[PDB]
Structure formats: C-alpha cells, structure tokens
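Trainee: For the record, the sequence lines run as chains B and U. Each position in the first sequence, counted from 1, maps to that position plus 139 in my numbering. Each position in the second sequence, counted from 1, maps to that position plus 2 in my numbering. We put the beta carbon where it would ideally sit given N, CA and C, even for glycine.
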Amino acid sequence: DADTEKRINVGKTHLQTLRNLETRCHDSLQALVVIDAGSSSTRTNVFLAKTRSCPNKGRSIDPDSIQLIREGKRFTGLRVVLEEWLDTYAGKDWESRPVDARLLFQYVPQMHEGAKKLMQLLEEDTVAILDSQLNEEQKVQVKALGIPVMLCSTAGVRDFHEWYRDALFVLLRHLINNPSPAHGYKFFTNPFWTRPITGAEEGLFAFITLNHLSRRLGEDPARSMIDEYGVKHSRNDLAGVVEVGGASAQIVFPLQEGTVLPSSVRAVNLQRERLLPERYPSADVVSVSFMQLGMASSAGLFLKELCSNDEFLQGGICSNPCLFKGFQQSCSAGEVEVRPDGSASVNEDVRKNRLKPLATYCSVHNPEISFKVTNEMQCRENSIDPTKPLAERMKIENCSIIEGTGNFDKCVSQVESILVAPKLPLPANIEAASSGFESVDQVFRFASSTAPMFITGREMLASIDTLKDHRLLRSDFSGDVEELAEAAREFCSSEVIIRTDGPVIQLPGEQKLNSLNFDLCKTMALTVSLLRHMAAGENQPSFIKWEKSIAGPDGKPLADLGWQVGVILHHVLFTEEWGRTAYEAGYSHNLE
Amino acid sequence: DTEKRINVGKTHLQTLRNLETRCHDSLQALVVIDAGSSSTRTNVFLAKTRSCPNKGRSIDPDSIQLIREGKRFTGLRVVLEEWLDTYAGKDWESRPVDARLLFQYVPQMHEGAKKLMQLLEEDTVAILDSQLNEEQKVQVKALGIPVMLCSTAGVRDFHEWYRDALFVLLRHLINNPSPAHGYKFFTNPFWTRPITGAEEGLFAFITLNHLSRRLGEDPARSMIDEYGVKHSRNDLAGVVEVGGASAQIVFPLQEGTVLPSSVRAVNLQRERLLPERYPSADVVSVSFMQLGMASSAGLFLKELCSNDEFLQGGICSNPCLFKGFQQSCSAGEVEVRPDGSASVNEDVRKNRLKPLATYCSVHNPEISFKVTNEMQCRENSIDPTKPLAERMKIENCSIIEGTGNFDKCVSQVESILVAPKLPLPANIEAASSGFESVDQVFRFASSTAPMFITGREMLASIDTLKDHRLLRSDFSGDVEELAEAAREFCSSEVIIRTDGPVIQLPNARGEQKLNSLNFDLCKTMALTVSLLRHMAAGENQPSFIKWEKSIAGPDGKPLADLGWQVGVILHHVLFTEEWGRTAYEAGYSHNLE
Ligand SMILES: Nc1ncnc2c1ncn2[C@@H]1O[C@H](COP(=O)(O)OP(=O)(O)NP(=O)(O)O)[C@@H](O)[C@H]1O
Ligand SMILES: [Mg+2]
Ligand SMILES: [Mg+2]
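As structure tokens, this is what we get:
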C-alpha cells in the first residue's frame, strides 16, 4: 500500500513538471555581432547574450548577460577599400586631380566586389570564433535564433567626400543579409543596426558601455532608486569617459543636477534623444568627438605643424621636444619602425603615411574645401596647402631629419597650441563645432561636471603604466596634474643608449625603445594638458581612473571598453522594438 | 558673500525645473453603487492619482480608501416591480403578462429610475461635501468622478428584458448629473452593469487580499522565481460572503490541485480580472441564490413548516427559534416588540418569500418552458400554478413555536439550504461551474488557503458566543467547539421581563436582551457549523478560519470595508492604459453635447 500511493504522486509530479514547462519562461543563448569599421582596421566583435521567452511576453535579452567572446582579426579599413576603388576606377592620384563623382556611378558593381572580399574575410573570422567557443548544444540555440549584425563606421570614413561611403553601406548590408548557408549561422542586418555612427554617438555608446559594465547604470532597485516624486535616480554617480582612438578622441560626461549651460552648447538627454528607455534613470550628457586627435592622426599633424614653425626648424633639422635625447628619424609623417640597431625606419608609402587622411580631406577638388573657405583656412593654418598635390601636402617642406630634444615642458606647450587649443578648429570637425566646442580647451570651459572620469586608450594607459613601473608615479594615482608632469618630465628627459640589446631608455632604471613607446611623451603631454583643463573647469571630477577593461561580478572581465556594448544596449533595451526587428522580422526577412 | 546670493536664484530655477520634471499627485473620488437585493446604496471612495511626464495619469491601488457607505435606498427589484404594478397591472405575478406591450412604458420606467438616482446623487454629494475640504473639492471636481453601479442577487433572477433596459436608462441618469454641485459624475457599460455571482465573489476575493496586503505586484508582496514567474510572498486568502439574497464561496487553488472537467476554475490573468504584472492564481468562485440572510430565512420557514415532522395541528415547531418564542405562520418581516410578542408584517413587499415566489411563476418563461426549474420550485414547496399570495402562504399553518434544539436546527439547515436533493431555484450559474449545492463545493474543490467569513449575522453568531464566554477570545474556527457553545446557547429560555424579552442561558451562565436581529441567529449559527463541517470534510483544509467585519490598514485605522466594492475598482484601475483612456482621456467630457 505504501509503494502504490508513492507511484500515484510520481504521475502527479509528471503532470506538474509538464504544466510548469508550458507556463514558465525558457532561456536560450543568442550571438550578437558588432563590426568595428574604424580608421586603422575593420574587425569583428562576437558577443553572447541570454534571451528569455515568456508566455504572452515574447522574447527579450538580459542586458547583464551580454559578454564578449572574442574581438576578431584586424582586416582592411573601409577608407582603404574606397580609396583602392577610386585608384582603379577614377584613376591613380585622384587626390591631386579634379574627379567627376557622377561618372563613378557606372563602377558600383565593381565597388560591391571590393566590399565582398572584406565581408567574406569578416564572415569567415566570425564563424571561426563561434565554432571554437560554442558547444553543440549552444550552436543549435545560436543558429536557430539568428545573429544580429551591427557594422558601424567611425572616424575612418567620417570625413569621406561625396556619396561613396553611403553607397558602400547599402552594399555592405546586402553582403551581411546574404551569408554562406554552409556554416548555419543566420546573420542579418538593417539600416538601423549597420550604419555610419556620428562622433557624439561613438562617445555616447562608450559612456553606456562604461556605466553598464561598472554597474552604475540600471533600471533595477540594486542600481536605481525612485524618490517620493516618482523620479528614477541611479544609486551610484554616472561616470564619464575619455576615449583616444586612432583618428578621433571622445570626451563624454553626464551633467550633475542639470547644470545650466549656454544656448550654443548642446547637451544630449539619453531618454529624450531615444538612446536609453524611459524605465532607465535620466541624464543630460555632453558628448563631443575631435577629429585629428586620435593616436595616428595627431602624430602626423603634430610633426607637420611643429616642423613648419621657425622655432623648431633650423637647416633641415627639426628639433622635437616630444622625442627622447639621441633619437633620430627622417622628416616624414610615415609609420616609424624602431629597428634592433637603434635606427628609426620611416616607411614613405602613401597608405602608411599618418598625414594621408588629413591631406586627402584637405584638397581643392573636395567640395568641402572648394565651396567652403572656412575649411580651406583650417587646412592652411595646419600647414596643408589644398591647392598643392597629395605628395607635396604630406611632405614637411625644407626638412630632412627630426632630432629629439627631450624637453617635456616644451612638448606640453606645443601639444597645447597645435592639438588641444588651436587658433582655428582642426579640419573635419563641423560636428564638434555644432555642439559648441571648436577645441578641447572649450569643452571644460563651457561645460563642467563633478562626475568621475575614465581614461581609455592603448597609449593613454601606457603613459601612466610606464611611469608607475619605473616608480615615478604611485600605485594609487588619483589623477594629479603636477604629480604626473613631474614624473613625465624626469622620464622624457632621459638619454637613449644604443647597446647590444638594442635601443635602451636610460633613467637615473631602464626600458627598451620600440615602435610603441618612442613618441609616448607626446601622449604624456596630452594627458597633462587634458587634466589641466579638467582642473580649470568650474566643476572638477571626483576621481580620474585609467582602465583597459571592467572586471565582471565573477572576477573575470565581461567585455572591453568602447562603443561596442553601448550600441547593443541602444537596440536591445527597447524591448518591443528589438523583438519586432530581431525576432519577428529576423533572418526570415531576407528569404526570397 | 555673493556666493550665497547667486545660489538663491540657482535654487529658484532648480525648484521650477523639478516641478516640470517630477510627478504631481492629485486627489480623485470613486463611486461604487451597491445595487443589491435588500437596498441600493452609494459607496464613496478616495484615491491618490499620479500624473507623470510622458507616463500619463494612474491611481495608486494602496491609496484607495472608503470614506462612507451611504443611505440604504429602494432596491432595483422594487423599482421594476412598482413599474409592472402600474404599467402591466396589479398582481401581474399570478397573471400571464405580454412583455412586448411593456415597451411603450419605457419613458415611464425612466421616471421611476430618475427618482432613485436623484436620491443616490444627493447622498453622494452630501458625503463629499462633509468629508472634503475646499482644496480637496477642487482636485476632486476637476478630475471627474467614475461611477460603477453593479446589480447583484436582487435583479439576477429578474424575468424578461426589463433589467437590461433599466441599466441603459441608469447610465444616462449618471452621465447627466446636476451641474449645481460641481461633481462631474460619469459612467460607461463596462463600469455600470449587472455583475454575475462569480464576479461578485471574485471582486470580494480581490478586496480581501488587497486590504490584508496579500495581493501585490511589488517586491514587498510578490517574488520572481528563476523562471520569470511572479508568485505572492504570502498565501492568498479565500472569502465566504453572506448577503441578503445570495452567498459567495471563493478560494484560490494552491499547488497543482487537479480538478474534474465539469468543475470550472477561473484564472485571474486569463479571464482579464487582474493584469499580467500581478501574480497568477486559479480561483474557484461560486454564488448560491436563496442562501442570503433574507431569502434563506423565508425558504427555511416554507420548507420546515411543510414537513409533517414539524407541522402538527397548525403549530410549526422550529428548532432554530428559542424556547418560549411565538410568531405567526408567514415569511414576513418579524419585529420583536417590548412586551415579548413578535409582530409579523403581512405586506407582500416586506415578505421574505416574495423574490422566490415571483421567480417561481408559471407565467415566467424560465418555468413554463423549463420543467427542471418547475421541479426545483415544487421541491421547495412553491407551486408555480398557484397565485402569488398562495405561493408565499405556509399552508395548514397558524403559529410558529420555538423548540430550541440546535442539533435538529443543524440537520434541517443542512437538508434545506446546504445540501438539498435538487438545486435551490435560480442557480444555473452555480450549476454551470459544477456546483449544484454548498456540499458539492468542498467535495469537488478544496484548498489549504485561509478562509475569511463576512456578513453581519455570520460575525454576530461568533461574537455573541464569545461575549457570553462560550467561545475563546482566540478562535481558530473549530467545528465541534462552535457546535457545543451554540447548543448551550440555542437551548436557552425566553423570559418576558419588565425590561422586555430576555435570553436566559442555562446553568446561570448569563443574559441578553432579545431583539429583531438575534431572535433567529441560531439558524445562522447552524449554517456556520454545517459550512465548517464541509470545509473539514474536504481533501484540503484551510490553514485558519477568520471572522472579520473590516481589514485594519497600516496606520491602524481600517482603509475600506470587505465586499465586492474595492475589487470592482481594482478590476478597472489596475489596467493602467485602459483606465487612463476611459477615466481621463474620454472622461466626463465625453458626455458634453
Ligand atoms: N445596514 C445594514 N448593514 C449591513 N447589513 C445589513 C444592514 N441591514 C440589513 N443587513 C443584513 O444584511 C443582509 C444584507 O446584506 P448586504 O451586504 O446588503 O447584501 P445584499 O447586497 O443585499 N445581497 P446580494 O444581492 O446578494 O449582493 C440583510 O438580509 C440583513 O440580514
Ligand atoms: Mg574606436
Ligand atoms: Mg451585496
């Protein structure tokens, strides 16, 4: 009788288990792809998120479950793809000749083949990442749901003349929407996901990534709070970001208490401008991006302006204060390779020349110069003559060899007058000027916040880490200007000794000289000048932090800092709109 | 010095910037008109509305509080019966009446309903004027007053089209109030409508769980499991409500309690009673006609005094009436006079067997075409062929004498009201949910959910025994503890003293004055025993049985009274988008020319 009544409950549980399955929510794994089509390269970023489907509630993504599985190989940039197409279909050296844009329309199928070659590489790489990281059970869930692809171009093609860029984006979307059926991964896109993103957007998404990963941004009671007047506020202060890329630099910070700004200065409300949903806590954010401020673009422009000044150029010898004592290189903006024998190899290839994007923009044949006098004077003040041919524009006139003086104070003074606070704004910065900021100094002058700042960038971090490693800066570094300027002054004024082990930076410790650290003093001066303006502003940040990636709750980092996670959250957090485009329409939309 | 001076102006802008960005709270009045069996009364409520930028206006469910239940005016049944008395001729209950011919008397029905609506409107305004201050009056008048008039057991069994036609007229009368008072009353066919017995019970369940803080969508009252399903932190409690003409038995089904195919349970979310954001529950809701205080009192006297075991030589021996108590043999209203005598009102309107005898007529299509309903009437001693007066008359009976036997009273309440052979008349709704009678409820469906008893006399049955120290101060709801206490109380003698009739308890326990409310309380005491007997017989037994009048709020003061009133408000207000469209977007402005 005991085992008879026991069997009855087993069958009762059997129905209850089945009844629970049909009423509860079911979690499935989904892959998300963000293709960073930057200045330096075009690379894939494979993410994984947990989807939850509930009866009568549809399917949604858990924002906290969003984690990067791998950032793919660095393939050819969109600028190179478009420039190669113009080299073969508009003739070689089109930069110095007047080109009829109307005639290029007959070469659209040929642009499709150029883009196809790059897209096939990115597709092959994405599949290789998914196949290596996902198990058979995970692969089935990933393949069934479809893979939303978001290809966003940044500073690389931001300044690109005529139609070309926008026409390429129409072709890029068709290539994503038509993937290889062999792999099984259902990649799909739309003009809302795959599109060129603005400098403000690039900065705003980078802000969303930082606050999401650091658990400062959220709509739950753990990260937010509803006051007695029904307004949602975040429990922790929202942090701002400074991202220094290859071609552009972004300065992003939220305004505390809604500080009164001038009419010319334009701040962006995250809810009002549809960046974050209404359920999220509101914030008015200042987001500005500066062209010719990124690692490579600033490096080329600085050499052009410094070696054009009579104070630094004497008898074909340009004295650079941002380069170490004893360092010698050719007078060009071309990529510098520090060879094992101490010598500096300067590649004079047009594609590899750091001035190239600026000299291509600064052309009398580009409608932004021929019709707009303001843009012509912006080029001419930075020594680029738009009338002159491409080679003559990139060439540092009456200069043969660049010698390193190692004076840090003189380097700060020059980074300030050229890059940070110039007379006229740096070329291709109409977006920044329309926000009310002609230059970096104007940012903290007109808009200031008591919100903590996060400095992001390979060289930005390297500048601080190098000084920390040699015991020039404390392990705990709040972001003191004088403390940094004293440490860098002692480091930049150190002799280069060519020894057996190669070129060594001799300090009263020692570090080897390479292609990444040879000009780090320009970035050290940039950090000093940047922190000087932050300390000059009416409102000062609570703390300044230098970070590569944010550590997750388990200890391991969830994702890397940048606009990647921000662009995902910009789409996924709008529950109804995401469900209609990613799940209702889906990959099935592409079917014939 | 000037730093503090510029800060005043900076604060001046911040204060103004906060006002536009923040939410603003305004007071709104809500009206629920209980158009029950016994009477038609207004219930004035007050709620806090919150308007937020881009979020519209919503009501805080927890802010809903009863300010006053108004005067008890004429029931909808009386209004319609008076109209038939004058427009279909007197004694229409015993004659065949052509319903088609009554359509020419619709404007005349409007005047009859207007008279009642003007009284209810005047009373509602009198409550609002006495409780609200000038600042409160402005907010209340500006937002408009949603009115929800719902009919129950009174017109639930009403024959032909008349009831539904009255409701079309009632809504027009609400939508057109006196502009002099300033209160903007408005209604719609979704708010003002006859509510079903299951709905009446379901709303009473929603009221109980809301006030006792068992039902909520917030983390304080609810919890989300690892599979995204919202469960309530505390067990949802069931309710037993005993009105004038009907009794409701409501309880939620705990766990995977498998029910038969014939038995119909209602899921609150699926049947659009509560929003999806609220925790789900499968609820058994059943209402029984002829079980309410007034209707059950009449039916019991008819069935008991028709049985040869209780009727001898014109003297009906009632076990539910005290020893020495004497009254005339009729279901009419009993008034206990100061000289110990029982005055029985022989007026047709005041007779408690009238609604049952009016339904049990061969001229009513529910009897003439449906043989099943005729046999339901005949088994309860009502002959549908006989005239109205002959139906209400207890044949071959002159005087009702009180025997005071509690065990015999329980046995009779059981066979007549609780578990009869055929279902009690006008109970098609109950039978369609799978319950022909009260005994069948706990036999087919049982729950481990705590039960709450509601009804003036149901509470009085417990309180009287508690007062005489027959029942403990702390009473969990033990069946045999109650039966022992009531048996000693019901066996009590009635002594006609200089002060009046007194209930003399045996073994010199105590004494209390006999009145028109407690003379037949032993029938209700037996009803409570029989009801608890079936609850204890069921597969699943409630955790505790509680007897409550009203639920005490967080401040200690009670927010509102128990019943279907708060439940019907929450049924509409909790659907944020739908409520905002009907109450605020359309509003009283919809009524404008
Ligand atoms: N003023 C009163 N307040 C409360 N109960 C009363 C009052 N007057 C009479 N009663 C008693 O309570 C019963 C009516 O209760 P009530 O709550 O008004 O239900 P109802 O609306 O008339 N019936 P129903 O149509 O089924 O909803 C009467 O039969 C009396 O026993
Ligand atoms: Mg970038
Ligand atoms: Mg009622």
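Does the structure place the region 50-60 of chain U close enough to the region 79-97 of chain U that three or more beta carbon pairs sit under 8 Å?
Mentor: The answer is no - the region 50-60 of chain U does not touch the region 79-97 of chain U, with fewer than three Cβ pairs under 8 Å.
Trainee: Can you determine whether any heavy atom of ligand 3 sits closer than 8 Å to the C-beta of U/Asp-409, and answer yes or no?
Mentor: Checking the Cβ of U/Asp-409 against ligand 3 gives no.
Trainee: Going by the CB atoms, is the gap between B/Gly-701 and B/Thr-595 shorter than 9 Å?
Mentor: Yes, the Cβ-Cβ distance between B/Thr-595 and B/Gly-701 is below 9 Å.
Trainee: Note down the Cα distance separating U/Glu-219 from U/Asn-211, rounded to an integer number of angstroms.
Mentor: In a straight line, the C-alpha of U/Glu-219 is about 12 Å away from that of U/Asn-211.
Trainee: So, at 7 Å on beta carbons, what are the nonlocal neighbours of B/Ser-552 in its own chain, with the 5 sequence-adjacent residues on each side left out?
Mentor: Nothing listed; no residue qualifies.
Trainee: Give me the subset of the region 143-165 of chain B whose CB atoms are less than 9 Å from a CB atom of chain U, sorted by chain position.
Mentor: Correct list: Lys-151, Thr-152, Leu-154, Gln-155, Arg-158, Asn-159, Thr-162, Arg-163, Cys-164, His-165.
Trainee: Judging by CA-CA distance, which residue of B/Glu-622, B/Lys-443, B/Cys-164 is the nearest neighbour of B/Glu-520?
Mentor: Comparing Cα positions, the closest option is B/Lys-443.
Trainee: Note down the Cα distance separating B/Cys-446 from B/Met-258, rounded to an integer number of angstroms.
Mentor: If I take the Cα positions, the gap works out to 40 Å.
Trainee: Who sits around ligand 3, taking every residue whose Cβ is closer than 6 Å to one of its heavy atoms?
Mentor: Residues flagged by the Cβ proximity filter: U/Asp-36, U/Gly-38, U/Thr-154, U/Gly-245.
Trainee: Measuring only between beta-carbons, confirm whether B/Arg-304 sits less than 9 Å from chain U.
Mentor: B/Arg-304 does not count as touching chain U.
Trainee: Using CA atoms only, rank isn't needed, just tell me which of B/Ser-587, B/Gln-645, B/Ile-365 is closest to B/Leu-400.
Mentor: With distances taken between Cα atoms, B/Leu-400 lies closest to B/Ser-587.
Trainee: Express the C-alpha separation of U/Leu-134 and U/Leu-29 in angstroms, rounding to a whole number.
Mentor: Each residue's alpha carbon lies about 10 Å from the other.
Trainee: Counting only C-beta atoms, is U/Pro-277 closer than 9 Å to chain B at any point?
Mentor: No - not a single Cβ of chain B is within 9 Å of the one on U/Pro-277.
Trainee: Please name the residue or residues paired with U/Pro-179 in a DSSP beta bridge.
Mentor: DSSP lists no partner for U/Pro-179.
Trainee: State the start and end residues of the unbroken beta strand (DSSP E) segment that holds U/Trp-549.
Mentor: Taken as a continuous stretch (DSSP letters only), the beta strand (DSSP E) holding U/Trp-549 covers 547-549.
Trainee: Is B/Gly-211 closer than 9 Å to B/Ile-286 when the C-beta atoms are compared?
Mentor: Taking 9 Å as the Cβ cut-off, B/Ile-286 and B/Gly-211 do not qualify as a contacting pair.
Trainee: Against chain U, which members of the region 442-459 of chain B pass a CB distance test of less than 8 Å?
Mentor: Correct list: empty, as no residue qualifies.
Trainee: Which residue from B/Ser-654, B/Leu-310, B/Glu-531, B/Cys-518 puts its Cα closest to that of B/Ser-484?
Mentor: Of B/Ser-654, B/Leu-310, B/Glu-531, B/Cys-518, the residue nearest in Cα terms is B/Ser-654.
Trainee: Counting Cβ pairs closer than 8 Å, one from the region 555-569 of chain B and one from the region 421-431 of chain B, do we hit at least three?
Mentor: Enough Cβ pairs lie closer than 8 Å, so yes.
Trainee: Let's test the definition: count the other Cβ atoms within 10 Å of the Cβ of B/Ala-283 and tell me whether it reaches 16, buried, or not, exposed.
Mentor: Burial call: exposed.
Trainee: Using a Cβ-Cβ cut-off of less than 8 Å, list which residues of the region 565-590 of chain U approach chain B; keep chain order.
Mentor: Per Cβ criterion, the list is empty.
Trainee: Mapping the DSSP letters down to three states, classify B/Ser-573 as helix, strand or coil.
Mentor: The answer is helix: DSSP assigns B/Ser-573 an H, G or I state.
Trainee: Report the neighbours of residue 602 of chain U on chain B: residues whose CB is nearer than 8 Å to its CB, in chain order.
Mentor: The structure shown has nothing for residue 602 of chain U, since chain U only spans 3 to 595.
Trainee: Since U/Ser-289 sits in a beta bridge, which residues does DSSP pair it with?
Mentor: Paired residue(s): U/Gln-250.
Trainee: If we define contact as Cβ-Cβ less than 9 Å, is U/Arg-79 a contact residue for chain B?
Mentor: No, U/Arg-79 lies away from the interface with chain B (no Cβ there is under 9 Å from its Cβ).
Trainee: Residues in the region 185-204 of chain B with C-beta within 9 Å of chain U's C-beta atoms, listed in sequence order?
Mentor: For the region 185-204 of chain B, which is checked against every Cβ of chain U, the residues closer than 9 Å are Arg-191, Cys-193, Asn-195, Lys-196.
Trainee: So, at 7 Å on beta carbons, what are the nonlocal neighbours of B/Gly-465 in its own chain, with the 5 sequence-adjacent residues on each side left out?
Mentor: Counting only Cβ-Cβ distances below 7 Å, and skipping sequence neighbours, we find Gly-543, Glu-634, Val-635.
Trainee: In the structure shown, what three-state DSSP assignment does B/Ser-469 receive?
Mentor: Note: B/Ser-469 maps to strand in three-state DSSP.
Trainee: Counting Cβ pairs closer than 8 Å, one from the region 297-309 of chain B and one from the region 326-345 of chain B, do we hit at least three?
Mentor: Taking 8 Å as the limit for Cβ pairs, the verdict is that the region 326-345 of chain B does touch the region 297-309 of chain B.
Trainee: Mind checking whether the beta-carbon of U/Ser-40 lies closer than 8 Å to any heavy atom of ligand 1?
Mentor: Yes, Cβ of U/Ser-40 sits closer than 8 Å to a heavy atom of ligand 1.
Trainee: Using only the alpha-carbon positions, how far apart do B/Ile-540 and B/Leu-669 sit?
Mentor: Their Cα atoms are separated by approximately 30 Å.
Trainee: Where do the ends of the alpha helix (DSSP H) carrying B/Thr-544 lie?
Mentor: That residue, B/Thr-544, is in no alpha helix (DSSP H); it is neither H nor E in DSSP.
Trainee: Tell me, to the nearest whole angstrom, how far the beta carbon of U/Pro-544 is from that of U/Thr-450; I am working on the premise that it is less than 8 Å.
Mentor: At roughly 7 Å, the Cβ-Cβ gap stays under 8 Å, so U/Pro-544 and U/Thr-450 are in contact.
Trainee: For B/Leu-623 and B/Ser-578, I'd like the C-alpha separation in whole angstroms.
Mentor: Each residue's alpha carbon lies about 23 Å from the other.
Trainee: Evaluate B/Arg-493 with the Cβ neighbour count: other Cβ atoms within 10 Å of its Cβ, from every protein chain shown; 16 or more gives buried, anything less gives exposed.
Mentor: Looking at its Cβ environment, which holds 16 or more other Cβ atoms inside 10 Å, B/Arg-493 is buried.
Trainee: Are three or more beta carbon pairs between the region 457-476 of chain U and the region 506-526 of chain U nearer than 8 Å?
Mentor: Output reads yes: the region 506-526 of chain U touches the region 457-476 of chain U.
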